[PDB]
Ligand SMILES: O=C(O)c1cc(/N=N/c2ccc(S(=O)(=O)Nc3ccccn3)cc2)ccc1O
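One chain comes next, on its own, written as structure tokens: the form deposited without this ligand.
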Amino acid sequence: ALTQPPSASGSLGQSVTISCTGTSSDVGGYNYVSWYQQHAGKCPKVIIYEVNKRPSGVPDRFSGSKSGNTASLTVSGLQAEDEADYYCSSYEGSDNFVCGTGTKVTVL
């Protein structure tokens, strides 16, 4: 149900914004979009929750927003370490969630 571009790129030191599009019953419906960073072989780590909040220990160069049915994650000061798969999720009511299929961010 959530659409993410399969790939995105950015340059070392620069920014990248990636998108996650749903419907009025998930992303448009609630302010409960989360973003997950998954390095290779690791568990997906929450880097953003409630659209734009960062958990403890997540730097402020990660930010989130949403407008209409579209959520966005921006990463600034791109480091080689930021090359990972990024997933979005949203509540959809009924104690249930929808997920995107992830964006692989390549850092060049």
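Note that residue numbering follows the sequence shown and begins at 1.
What comes next is about the form solved in complex with this ligand, which does not appear here.
Novice: My understanding is that this ligand gets transferred in the entry with it bound by a local C-alpha superposition; in that placement, do 3 or more ligand atoms come within 2.4 Å of this form's backbone or C-beta, making it blocked, or is it open?
Specialist: In the entry with it bound, this ligand occupies a site that, on this form, remains open once the ligand is superposed onto it.
Novice: Mind checking whether each of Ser34, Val46 and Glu50 has a heavy atom within 4.5 Å of this ligand in the entry with it bound?
Specialist: Every listed residue reaches this ligand in the entry with it bound, so yes.
Novice: Might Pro55 be said to contact this ligand in the entry with it bound, defining contact as any heavy atom within 4.5 Å?
Specialist: Output for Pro55 is yes: heavy atoms within 4.5 Å of this ligand.
Novice: Would you mind checking 1 to 22 for residues with a heavy atom within 4.5 Å of this ligand in the entry with it bound?
Specialist: None of them.
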